[PDB]
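Novice: Provided herewith is a single structure, encoded as structure tokens, for subsequent inquiry.
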6 protein chains.
Amino acid sequence: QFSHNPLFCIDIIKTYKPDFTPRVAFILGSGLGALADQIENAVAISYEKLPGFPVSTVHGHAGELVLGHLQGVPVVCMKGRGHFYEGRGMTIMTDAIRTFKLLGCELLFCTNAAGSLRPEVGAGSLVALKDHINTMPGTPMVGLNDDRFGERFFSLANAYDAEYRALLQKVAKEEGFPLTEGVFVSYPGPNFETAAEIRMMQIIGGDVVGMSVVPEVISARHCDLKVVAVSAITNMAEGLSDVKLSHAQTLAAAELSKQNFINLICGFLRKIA
Amino acid sequence: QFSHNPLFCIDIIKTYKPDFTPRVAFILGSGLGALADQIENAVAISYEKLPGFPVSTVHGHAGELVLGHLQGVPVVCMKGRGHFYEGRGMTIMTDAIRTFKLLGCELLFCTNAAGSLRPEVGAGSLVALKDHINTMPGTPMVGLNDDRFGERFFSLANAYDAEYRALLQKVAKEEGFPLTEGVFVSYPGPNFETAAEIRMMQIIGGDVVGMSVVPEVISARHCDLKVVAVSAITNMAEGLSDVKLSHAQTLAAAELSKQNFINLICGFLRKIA
Amino acid sequence: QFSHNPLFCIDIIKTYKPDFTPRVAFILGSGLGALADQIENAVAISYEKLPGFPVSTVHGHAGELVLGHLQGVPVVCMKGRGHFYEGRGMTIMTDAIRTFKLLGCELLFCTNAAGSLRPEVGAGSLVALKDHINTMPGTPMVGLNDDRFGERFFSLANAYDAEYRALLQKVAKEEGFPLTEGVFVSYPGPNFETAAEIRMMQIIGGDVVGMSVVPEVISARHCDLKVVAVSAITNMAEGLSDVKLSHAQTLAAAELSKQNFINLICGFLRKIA
Amino acid sequence: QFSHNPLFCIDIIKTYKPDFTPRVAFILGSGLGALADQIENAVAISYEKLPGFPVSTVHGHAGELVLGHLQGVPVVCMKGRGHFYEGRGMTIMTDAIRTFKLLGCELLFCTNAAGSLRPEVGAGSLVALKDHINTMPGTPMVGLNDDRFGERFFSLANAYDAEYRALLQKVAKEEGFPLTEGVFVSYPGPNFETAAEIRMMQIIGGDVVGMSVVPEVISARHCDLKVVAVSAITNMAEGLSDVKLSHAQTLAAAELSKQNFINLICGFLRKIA
Amino acid sequence: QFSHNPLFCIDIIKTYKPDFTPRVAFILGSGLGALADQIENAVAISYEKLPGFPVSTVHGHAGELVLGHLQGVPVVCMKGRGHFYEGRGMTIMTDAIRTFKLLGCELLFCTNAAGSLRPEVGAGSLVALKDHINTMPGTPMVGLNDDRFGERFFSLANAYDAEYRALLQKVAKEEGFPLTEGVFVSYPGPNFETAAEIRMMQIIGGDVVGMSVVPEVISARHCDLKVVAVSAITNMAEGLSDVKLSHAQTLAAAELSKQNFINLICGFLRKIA
Amino acid sequence: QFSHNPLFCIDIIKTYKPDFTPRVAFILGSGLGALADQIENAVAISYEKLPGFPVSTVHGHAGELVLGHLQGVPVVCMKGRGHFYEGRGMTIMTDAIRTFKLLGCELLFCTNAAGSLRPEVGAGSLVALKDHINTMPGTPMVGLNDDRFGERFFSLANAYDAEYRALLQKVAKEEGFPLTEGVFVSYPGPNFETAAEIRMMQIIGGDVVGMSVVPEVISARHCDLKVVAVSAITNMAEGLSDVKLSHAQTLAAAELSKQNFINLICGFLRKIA
Ligand SMILES: O=c1[nH]c(=O)c2nc[nH]c2[nH]1
Ligand SMILES: O=c1[nH]c(=O)c2nc[nH]c2[nH]1
Ligand SMILES: O=c1[nH]c(=O)c2nc[nH]c2[nH]1
Ligand SMILES: O=c1[nH]c(=O)c2nc[nH]c2[nH]1
Ligand SMILES: O=c1[nH]c(=O)c2nc[nH]c2[nH]1
Ligand SMILES: O=c1[nH]c(=O)c2nc[nH]c2[nH]1
């Protein structure tokens with residue numbers, strides 16, 4: 001018995017956004033949705049109307065799916081995501097990603113607020129993730145495989161499309177701001193990491209730590225949906241500074257890089273258009 | 001739907017220990033309960049009478065909650081804890097810690113028998129943990145958050161109160177025995193670690209390995225209950241010696257440090273009184 | 001309430017293979033079953049007839065249990081195993097191993113196709129595992145303990161019998177092919193590892209990475225069944241080469257070492273006979 | 001947590017049948033769907049596309065929802081229903097009925113093949129049910145009440161609208177065929193009734209026995225949706241004749257009254273138009 | 001695994017009502033709690049504080065347990081009950097009754113608003129039930145038996161104590177009002193009965209119909225707690241009159257007999273004192 | 001997903017009773033197993049060894065399956081049955097009956113201790129049931145149908161084979177004792193019926209009341225296994241006498257008819273041999 005939500009959604013969306021085929025799908029984490037406000041002919045569907053979507057329970061995540069145009073590019077934007085720490089398993093974002101795939105999207109632009117594991121990169125920086133290290137228990141596709149979307153086994157090689165990443169770099173040069181690339185390691189949460197664990201993440205070879213990304217991305221790769229991810233650093237990981245960690249700190253510190261983020265995105269979109 | 005056990009307990013305890021407000025809550029692991037025998041006006045409530053408490057299934061853990069005085073300090077002492085390996089999830093110790101919090105406790109003194117990851121520290125030593133590395137799958141607060149006790153997100157910074165740890169040090173000098181501080185990393189169990197995994201724990205940066213602590217502590221921090229933890233080393237981790245590992249070895253080797261432990265605790269209590 | 005499948009099987013097997021007591025139990029992973037074809041007076045029982053056994057859902061795994069003789073040695077051979085990624089928990093192979101134990105087996109010869117974490121060892125090589133690092137969430141015995149088969153706590157010291165491993169070495173010299181020994185680290189799957197994660201496995205101290213072994217082995221040790229494992233390398237781990245990873249690549253690349261494997265096994269059996 | 005399927009469907013249907021508001025909703029049981037073939041501008045939606053709908057598992061039930069016009073009357077017709085004996089509880093038809101309600105329907109015309117408990121009425125007869133006796137265990141609304149659709153408690157007085165029943169009578173006179181009215185008693189099934197039980201149904205005061213109706217009707221009344229039901233007798237109840245009972249007998253014997261049924265319906269519709 | 005709520009409650013109650021042993025336990029249904037207002041030295045415990053108790057969801061049921069004295073008789077009074085139609089099974093009232101038993105109660109005085117099945121007895125009448133006919137699916141003790149409270153099998157002979165019923169009669173003569181005795185048959189609800197079903201209840205031999213009583217009483221008999229029940233008729237069953245059925249009608253019509261009820265109870269208590 | 005226990009058992013039984021095909025299957029209720037003691041070459045298999053069988057929890061039911069010969073007739077005899085009141089649903093006896101069917105049995109001889117609903121028939125009498133009235137909630141086949149054993153819908157006409165019943169009559173004449181035939185109505189239990197309910201059973205048209213039979217028989221008919229049932233009356237139903245009901249009374253009163261029962265059975269077997 002496999003979920004059929006992705007299919008339902010496709011029909012439900014057609015009722016609100018008829019004759020529309022998006023190219024890029026976006027996931028806007030905490031306080032990053034200020035982008036969805038600039039979508040042309042934007043139509044908003046609440047997750048409550050889309051079976052399978054992550055009905056929000058966290059701040060900085062609304063619970064809407066915005067469809068429209070950005071830089072003359074058809075786009076499906078997710079204001080708010082779903083996390084592992086919500087207690088619904090690594091599959092929380094899957095049907096959602098699977099919807100993007102059916103909608104016709106050709107790429108997933110995954111954004112998220114994170115912490116830095118490199119003293120060199122501080123709060124307010126943007127990082128284009130180039131690979132990840134899962135620390136959450138298990139993976140999204142564990143269980144019976146849904147032949148409809150993907151295969152039993154799949155490679156995560158070049159998960160974070162190297163080619164699209166290259167365009168991200170150009171866009172960054174052009175806009176006068178650094179775009180460092182790093183390995184993202186996922187933490188289950190909902191509590192923050194311990195200083196001890198952060199050092200362990202540094203030793204393991206990580207550059208950025210967050211509580212999401214992984215679920216979505218692995219699901220995306222499984223159904224063969226190209227991925228691109230950019231984290232908005234909001235502080236140094238626990239123990240690398242003197243700053244106290246709070247969700248309030250996260251939401252606030254995501255405003256320093258907000259402008260560069262929108263330029264990076266709107267720039268990327270313009271080159272791919 | 002959130003558990004209400006903590007609340008039930010508070011009433012249940014009032015029937016056995018009326019007009020009593022404890023300051024320090026204790027968790028006595030395997031063969032460490034010999035301390036609860038010196039509690040003044042000690043009242044004992046079986047876990048079977050306290051909804052949510054870890055009804056024992058392991059040796060060295062009775063299943064009682066002792067309330068009374070120690071060094072003229074009101075105290076609630078847990079003879080026996082609950083583990084992940086019992087198969088009930090990372091939430092096994094939560095309602096319990098949450099009870100301590102409601103009872104009015106101002107600090108959790110968590111004890112546990114562990115293995116050493118440093119050849120320098122051997123069997124019979126006591127270690128004041130200063131941080132930890134979770135290796136168990138997931139965390140205690142994963143799932144809907146209980147606004148009543150804590151917030152969705154919380155910092156583990158200074159989880160093992162640095163100030164209380166300092167007092168622990170004085171007490172140790174005063175009693176003529178070393179109190180080394182180390183990072184505790186948790187293992188799921190119930191099988192012991194592999195030599196290979198132990199080396200991995202050394203590389204990750206750990207000093208002590210055990211099958212508990214983490215669940216309790218993270219729950220404690222969530223509901224804002226200061227923590228203090230001391231492990232009683234009972235052997236070197238797998239592969240760092242010639243000694244064979246067994247639960248029988250654990251219970252037995254926890255008798256070498258038993259006296260120093262009681263002195264350390266009874267000393268700590270006297271300074272905080 | 002404990003599973004009784006192991007017991008049922010013993011009776012069910014007696015109906016197909018009467019008055020037969022195997023000494024060595026074998027687990028043949030993907031495309032490794034070509035060995036079971038040389039079993040003398042071979043009797044085949046489908047897993048569908050054996051309660052608890054892993055009814056296959058993966059390629060390279062049939063779903064049969066072959067009983068007979070090999071080098072004049074009574075043998076119970078499992079064509080096809082069960083994995084964590086199937087979504088049934090770390091206990092998926094337990095009843096099976098527990099059956100071997102009851103059958104009277106004196107040792108488990110576990111085989112499996114894996115990836116190499118050492119550039120020195122490449123595709124087509126055989127590796128005798130000498131220990132492992134679990135990365136899957138949790139362990140097989142987590143939960144109530146079945147006193148019938150083992151104890152609550154058990155040591156994984158010398159899990160991969162060092163003495164049997166020594167015989168494996170002789171057999172390898174004698175047959176003119178290398179038999180390197182390494183630490184096997186398990187990955188949950190079903191997706192393959194990320195380059196980033198592989199490096200992390202190298203740092204953690206691993207030599208071979210695969211999606212099985214661990215479950216079986218830990219279960220084996222719990223009920224006190226000596227273990228021996230040999231992985232057939234089918235490629236370098238993700239990111240250590242230019243080769244693309246697929247299940248098709250795995251099945252195909254397990255044919256280069258197939259002959260040496262059979263000779264190693266048939267040789268081992270002859271020395272223990 | 002209440003089901004939201006009814007809502008989803010409304011959107012899903014809008015995609016296939018835009019700007020359409022049905023007045024009468026129909027439920028076509030076994031071999032009664034031959035009516036849905038005469039629907040003007042008929043649009044067909046498979047239950048597989050409508051969350052909550054009874055995806056068929058029984059013969060004589062397709063799994064489609066047909067929308068269109070009949071006698072110039074907007075109509076939503078259910079080809080195939082869901083039963084208790086399927087093992088999903090008395091709530092199996094609820095979301096479906098609740099969908100009719102939201103769609104805007106003003107009445108439910110429930111049809112079903114049944115057995116007669118009166119020797120006077122035989123195979124091929126049509127019966128307009130005037131009340132029912134539930135024999136299935138429990139009722140559809142047992143559980144938390146969904147304030148959205150109805151109240152905690154509701155009256156089943158005049159469940160089978162007496163006024164609409166009167167029109168049914170006229171239509172019957174006009175078409176030259178009897179339309180006897182009777183009490184329908186529900187049996188759980190899936191096995192047929194015992195002669196003994198049938199006599200018990202006669203004693204209890206029943207006129208027609210079937211394995212459905214009840215669930216739908218009670219759900220209908222709860223969300224305040226007027227009901228009308230007509231059973232197509234396909235044989236005498238067990239023990240009142242010499243005929244053997246089978247599903248094959250049911251499907252076949254529903255062809256004797258098929259023409260009168262269509263005339264009765266198409267006639268009813270014309271008077272209400 | 002058996003529920004331990006009854007035991008917890010006993011301790012929880014001791015905290016609010018110390019050194020108190022009730023003789024009669026009362027269950028006050030809809031709008032019948034006006035009695036609990038005359039309890040001497042009344043102490044009120046919310047069901048939210050008593051594990052196992054039916055936290056209300058229905059009107060006319062508060063969610064409190066009142067303990068005190070009535071006619072100088074120690075009494076434990078339940079303001080509000082739990083029903084089957086709530087969706088929690090026939091066991092919904094058990095732990096509650098089991099609590100009464102442990103508390104030391106010697107009898108259960110069960111009250112409830114019902115419908116009359118006899119035209120002779122109308123709205124406002126009181127009926128002392130003398131036996132019952134269960135129509136709800138299953139029974140409270142179905143499942144593993146709790147040796148602590150009762151036996152696997154138990155007789156319902158003289159369930160409604162014939163001797164106590166006799167005292168009820170005297171009290172009724174003495175107060176100048178009739179107290180007819182009748183058989184109570186239970187209906188699952190939450191919808192009201194159909195006229196058809198009511199006739200069926202008359203044929204089956206019932207005198208009063210309601211949606212409760214049965215669960216409580218059978219539970220009581222199981223743990224050997226003498227029972228006494230009195231229904232307050234609030235209308236004729238469906239189809240025996242012209243009155244419309246609603247919960248509003250029930251609550252309102254329970255005020256005509258309210259005074260006689262209190263006199264009957266307060267009178268009964270005085271004779272047993 | 002359908003149960004495969006029946007199949008497992010067939011193999012498990014072959015190990016204990018090789019080359020044996022039974023003709024009659026027997027179900028011995030409470031204190032009726034004294035028959036299984038006269039089975040020739042009797043082999044006994046504990047239910048603990050037969051997956052799906054009702055591991056006993058009730059007195060008068062051992063938990064064994066005896067296979068052998070009786071009157072030179074191959075026979076599979078069930079010492080002890082499973083009931084609804086055990087809390088495992090109406091399917092509790094199914095796999096068992098389904099095993100009889102596969103074993104090759106040509107008929108089920110169902111016995112059980114019951115109560116009489118006719119004053120004419122008293123304690124110690126034997127009754128050949130000729131039909132039944134189910135009062136338990138639901139039926140055994142409710143749910144997905146197992147095409148392997150039966151069809152979705154099946155007739156209960158002549159459930160209690162009329163022809164075999166005729167032989168039962170002869171055997172009874174021949175042995176000088178009455179064999180009255182009656183309709184058996186099932187009660188859920190585990191509590192006994194109320195006087196009120198018994199009268200209701202008389203009105204409904206029943207002659208014997210018990211807590212079993214129904215589940216087994218309906219399952220038998222579904223997989224097309226001819227049925228024969230005989231109840232051993234152990235008392236009058238509640239309220240038709242002065243005798244108190246207890247399980248102790250049941251076991252004891254089943255000794256008056258024990259001899260006639262064995263003669264009736266051993267006689268029946270001889271005529272069918
Ligand atoms: O896992 C995380 N750790 C952090 O420190 C952080 N900061 C923002 N977002 C974060 N996520
Ligand atoms: O996880 C653990 N590993 C050990 O080696 C040990 N010794 C005591 N307690 C221990 N816990
Ligand atoms: O986890 C795994 N990773 C790999 O790269 C591989 N190759 C074969 N088998 C494998 N298992
Ligand atoms: O419950 C039922 N009993 C019958 O005899 C019958 N015939 C058709 N449909 C039927 N349903
Ligand atoms: O089942 C019930 N039916 C009724 O008609 C009624 N009136 C009050 N209470 C009632 N309960
Ligand atoms: O349901 C039952 N009721 C009885 O009175 C009885 N006596 C024996 N067996 C019985 N079963």
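Here's how to read the names in the structure tokens: chain A, B, ... by the order shown, residue numbers from 1 in each chain, ligand numbers from 1 in the order shown.
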Report as a tab-separated table (two decimals) with N, CA and C atoms, in the first residue's frame all protein, DNA and RNA residues lying within 7 Å of stretch 233-239 of chain F, evaluated on only C-alpha atoms, omitting residues in the same chain fewer than 4 positions from it.

Specialist:
```tsv
chain	number	residue	atom	x	y	z
E	157	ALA	N	-26.83	-12.89	37.37
E	157	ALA	CA	-28.06	-13.19	38.08
E	157	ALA	C	-28.14	-12.20	39.22
F	113	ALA	N	-20.15	-27.30	25.61
F	113	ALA	CA	-21.04	-27.29	26.77
F	113	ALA	C	-21.93	-26.06	26.64
F	114	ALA	N	-23.23	-26.22	26.86
F	114	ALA	CA	-24.13	-25.09	26.73
F	114	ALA	C	-25.23	-25.06	27.78
F	115	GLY	N	-26.09	-24.06	27.65
F	115	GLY	CA	-27.22	-23.92	28.55
F	115	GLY	C	-28.47	-24.17	27.72
F	116	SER	N	-29.53	-24.67	28.34
F	116	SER	CA	-30.77	-24.94	27.64
F	116	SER	C	-31.75	-23.77	27.74
F	117	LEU	N	-32.49	-23.52	26.67
F	117	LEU	CA	-33.46	-22.44	26.63
F	117	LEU	C	-34.86	-23.03	26.65
F	122	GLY	N	-33.26	-30.57	30.08
F	122	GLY	CA	-32.49	-30.12	31.22
F	122	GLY	C	-31.04	-30.54	31.24
F	123	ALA	N	-30.39	-30.23	32.36
F	123	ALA	CA	-28.99	-30.56	32.55
F	123	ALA	C	-28.70	-32.03	32.27
F	124	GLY	N	-27.63	-32.29	31.53
F	124	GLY	CA	-27.26	-33.66	31.22
F	124	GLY	C	-27.77	-34.14	29.88
F	125	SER	N	-28.58	-33.32	29.22
F	125	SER	CA	-29.11	-33.70	27.92
F	125	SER	C	-28.13	-33.41	26.79
F	126	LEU	N	-28.30	-34.09	25.65
F	126	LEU	CA	-27.44	-33.81	24.51
F	126	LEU	C	-28.35	-33.23	23.45
F	193	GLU	N	-25.27	-14.84	30.52
F	193	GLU	CA	-26.41	-14.05	30.08
F	193	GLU	C	-27.29	-13.57	31.22
F	194	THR	N	-28.02	-12.49	30.98
F	194	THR	CA	-28.98	-12.02	31.97
F	194	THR	C	-30.32	-12.71	31.79
F	195	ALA	N	-31.07	-12.88	32.87
F	195	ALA	CA	-32.35	-13.55	32.71
F	195	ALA	C	-33.07	-12.89	31.55
F	198	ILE	N	-31.92	-13.99	28.21
F	198	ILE	CA	-32.32	-15.34	27.90
F	198	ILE	C	-33.74	-15.37	27.33
F	250	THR	N	-20.50	-25.80	35.25
F	250	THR	CA	-20.41	-26.26	33.87
F	250	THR	C	-19.56	-27.52	33.75
F	253	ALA	N	-21.31	-30.48	35.68
F	253	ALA	CA	-22.52	-30.97	35.02
F	253	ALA	C	-22.33	-31.58	33.62
F	254	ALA	N	-21.10	-31.54	33.10
F	254	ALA	CA	-20.81	-32.11	31.78
F	254	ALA	C	-20.42	-33.59	31.93
```

Novice: With 7 Å as the limit and counting only C-alpha atoms, what residues in chain A lie close to chain C? Please list them as a JSON list (two decimals) with C-alpha atoms, in the first residue's frame.

Specialist:
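Generated file (out.json):
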```json
[["chain", "number", "residue", "atom", "x", "y", "z"],
["A", 131, "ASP", "CA", 27.35, 17.00, -0.35],
["A", 132, "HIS", "CA", 25.98, 15.92, 3.00],
["A", 133, "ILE", "CA", 26.47, 13.62, 5.93],
["A", 137, "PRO", "CA", 18.42, 7.78, 12.18],
["A", 138, "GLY", "CA", 17.61, 5.93, 8.95],
["A", 139, "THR", "CA", 16.77, 7.34, 5.51],
["A", 141, "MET", "CA", 13.31, 5.47, 1.24],
["A", 142, "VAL", "CA", 13.76, 2.75, 3.93],
["A", 143, "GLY", "CA", 10.80, 0.45, 3.48],
["A", 144, "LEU", "CA", 8.96, -1.01, 0.48],
["A", 152, "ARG", "CA", 15.12, 0.17, -4.80],
["A", 153, "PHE", "CA", 18.74, 1.44, -4.84],
["A", 154, "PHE", "CA", 19.98, 4.81, -6.06],
["A", 155, "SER", "CA", 23.27, 6.71, -6.18],
["A", 156, "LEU", "CA", 23.78, 9.96, -4.29],
["A", 157, "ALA", "CA", 26.74, 10.77, -6.50],
["A", 204, "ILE", "CA", 33.78, 13.79, 10.57],
["A", 205, "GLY", "CA", 34.43, 16.43, 7.89]]
```

Novice: DSSP on the backbone: what in stretch 74-191 of chain B comes out helix (DSSP H, G or I), as a VMD selection string?

Specialist: chain B and resid 84 to 86 94 to 103 162 to 174

Novice: Can you measure atom CA of residue E:32 to atom CA of residue E:165 for me? One decimal in Å is fine.

Specialist: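 Distance reported for this atom pair: 20.0 Å.
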
Novice: At what distance in Å, to one decimal, does atom CA of residue A:180 lie from atom CA of residue A:255?

Specialist: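 Rounded to one decimal, the two atoms are 18.6 Å apart.
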
Novice: What does the distance between atom CA of residue A:96 and atom CA of residue A:63 come to in Å, to one decimal place?

Specialist: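 Here the two named atoms are 12.1 Å from each other.
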
Novice: Can you pull out every residue within 12 Å of residue A:160, counting only C-alpha atoms, but drop anything in the same chain fewer than 6 positions away, and send it as a PyMOL selection string?

Specialist: (chain A and resi 107-110+128-132+166+168+181-184+213-214+216-218+220-221+225-230) or (chain C and resi 194-196)

Novice: Okay, now the selection with N, CA and C atoms, as a compact mmCIF listing (two decimals), in the first residue's frame?

Specialist:
```txt
# COMPACT_ATOMS: atom_id res chain seq x y z
N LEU A 107 14.14 20.96 -11.34
CA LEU A 107 15.15 21.11 -10.30
C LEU A 107 14.58 21.59 -8.98
N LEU A 108 15.22 21.17 -7.90
CA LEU A 108 14.80 21.58 -6.56
C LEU A 108 15.84 22.53 -5.99
N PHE A 109 15.42 23.74 -5.64
CA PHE A 109 16.33 24.71 -5.05
C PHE A 109 15.99 24.69 -3.55
N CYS A 110 16.77 23.92 -2.79
CA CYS A 110 16.53 23.79 -1.37
C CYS A 110 17.27 24.81 -0.50
N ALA A 128 26.77 27.20 -0.44
CA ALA A 128 26.19 26.31 -1.41
C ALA A 128 26.69 24.93 -0.99
N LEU A 129 25.80 24.08 -0.49
CA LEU A 129 26.15 22.72 -0.06
C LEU A 129 26.55 21.85 -1.26
N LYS A 130 27.63 21.08 -1.10
CA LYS A 130 28.11 20.24 -2.19
C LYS A 130 28.00 18.74 -1.93
N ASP A 131 27.52 18.39 -0.74
CA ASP A 131 27.35 17.00 -0.35
C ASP A 131 26.85 17.05 1.08
N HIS A 132 26.47 15.92 1.64
CA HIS A 132 25.98 15.92 3.00
C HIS A 132 26.33 14.66 3.73
N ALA A 166 27.97 25.48 -10.23
CA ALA A 166 28.89 26.36 -10.94
C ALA A 166 28.21 27.67 -11.32
N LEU A 168 25.80 28.93 -9.70
CA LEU A 168 25.59 29.64 -8.46
C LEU A 168 26.84 30.49 -8.20
N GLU A 181 31.48 26.82 -0.60
CA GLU A 181 30.78 25.54 -0.74
C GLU A 181 31.18 24.62 0.40
N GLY A 182 30.20 23.94 0.99
CA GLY A 182 30.50 23.04 2.10
C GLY A 182 29.64 21.79 2.24
N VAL A 183 30.12 20.85 3.05
CA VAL A 183 29.42 19.60 3.32
C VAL A 183 28.42 19.86 4.45
N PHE A 184 27.15 19.55 4.22
CA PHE A 184 26.12 19.75 5.23
C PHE A 184 25.89 18.46 5.99
N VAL A 213 17.16 19.52 5.21
CA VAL A 213 17.84 19.24 3.95
C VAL A 213 17.85 17.76 3.56
N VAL A 214 18.62 16.96 4.30
CA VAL A 214 18.78 15.53 4.03
C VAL A 214 17.54 14.77 3.58
N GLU A 216 14.59 15.75 2.32
CA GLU A 216 14.16 16.26 1.02
C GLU A 216 15.06 15.81 -0.12
N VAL A 217 16.34 16.15 0.00
CA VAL A 217 17.33 15.81 -1.02
C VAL A 217 17.37 14.33 -1.39
N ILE A 218 17.45 13.46 -0.40
CA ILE A 218 17.51 12.03 -0.70
C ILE A 218 16.25 11.58 -1.43
N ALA A 220 14.43 13.53 -3.31
CA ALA A 220 14.55 14.12 -4.64
C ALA A 220 15.37 13.23 -5.55
N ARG A 221 16.56 12.84 -5.08
CA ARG A 221 17.43 11.98 -5.88
C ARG A 221 16.74 10.66 -6.23
N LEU A 225 15.23 13.89 -9.37
CA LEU A 225 14.93 15.32 -9.44
C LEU A 225 16.22 16.02 -9.04
N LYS A 226 16.85 16.71 -9.99
CA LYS A 226 18.11 17.42 -9.73
C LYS A 226 18.02 18.37 -8.54
N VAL A 227 19.09 18.40 -7.75
CA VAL A 227 19.10 19.24 -6.56
C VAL A 227 20.16 20.32 -6.49
N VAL A 228 19.76 21.40 -5.84
CA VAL A 228 20.57 22.56 -5.54
C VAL A 228 20.24 23.10 -4.18
N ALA A 229 21.24 23.24 -3.32
CA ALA A 229 20.94 23.72 -1.98
C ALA A 229 21.86 24.81 -1.50
N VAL A 230 21.28 25.79 -0.80
CA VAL A 230 22.02 26.91 -0.25
C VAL A 230 21.57 27.12 1.20
N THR C 194 27.02 8.80 0.48
CA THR C 194 27.52 9.98 -0.18
C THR C 194 29.03 10.03 -0.11
N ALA C 195 29.68 10.66 -1.08
CA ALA C 195 31.13 10.72 -1.04
C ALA C 195 31.52 11.21 0.35
N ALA C 196 30.85 12.27 0.78
CA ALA C 196 31.11 12.86 2.08
C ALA C 196 31.05 11.84 3.21
```

Novice: Could you pull out the residues in stretch 97-126 of chain E that DSSP calls strand (DSSP E) from the backbone, as a PyMOL selection string?

Specialist: chain E and resi 107-116+126

Novice: Determine, counting only C-alpha atoms, which protein, DNA and RNA residues have an atom within 6 Å of an atom of stretch 72-80 of chain B; residues of the same chain fewer than 5 positions away are not included. Present the result as a PyMOL selection string.

Specialist: chain B and resi 22-29+33+61-67

Novice: Let me see the file: selected residues, C-alpha atoms, as a PDB file, in the first residue's frame.

Specialist:
```pdb
ATOM      1  CA  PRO B  22      13.233  18.176  47.385  1.00  0.00           C
ATOM      2  CA  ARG B  23      16.166  20.265  46.135  1.00  0.00           C
ATOM      3  CA  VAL B  24      18.346  17.630  44.531  1.00  0.00           C
ATOM      4  CA  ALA B  25      17.071  14.708  42.497  1.00  0.00           C
ATOM      5  CA  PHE B  26      19.288  11.655  42.130  1.00  0.00           C
ATOM      6  CA  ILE B  27      19.448   8.787  39.698  1.00  0.00           C
ATOM      7  CA  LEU B  28      21.179   5.717  41.038  1.00  0.00           C
ATOM      8  CA  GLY B  29      22.276   3.273  38.371  1.00  0.00           C
ATOM      9  CA  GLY B  33      21.826   2.600  45.343  1.00  0.00           C
ATOM     10  CA  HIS B  61      17.976  -1.245  39.367  1.00  0.00           C
ATOM     11  CA  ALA B  62      15.228  -1.869  41.990  1.00  0.00           C
ATOM     12  CA  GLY B  63      12.204   0.178  40.893  1.00  0.00           C
ATOM     13  CA  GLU B  64      11.818   2.554  43.824  1.00  0.00           C
ATOM     14  CA  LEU B  65      11.764   6.252  44.435  1.00  0.00           C
ATOM     15  CA  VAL B  66      13.225   7.230  47.801  1.00  0.00           C
ATOM     16  CA  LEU B  67      12.373  10.580  49.398  1.00  0.00           C
TER      17      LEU B  67
END
```
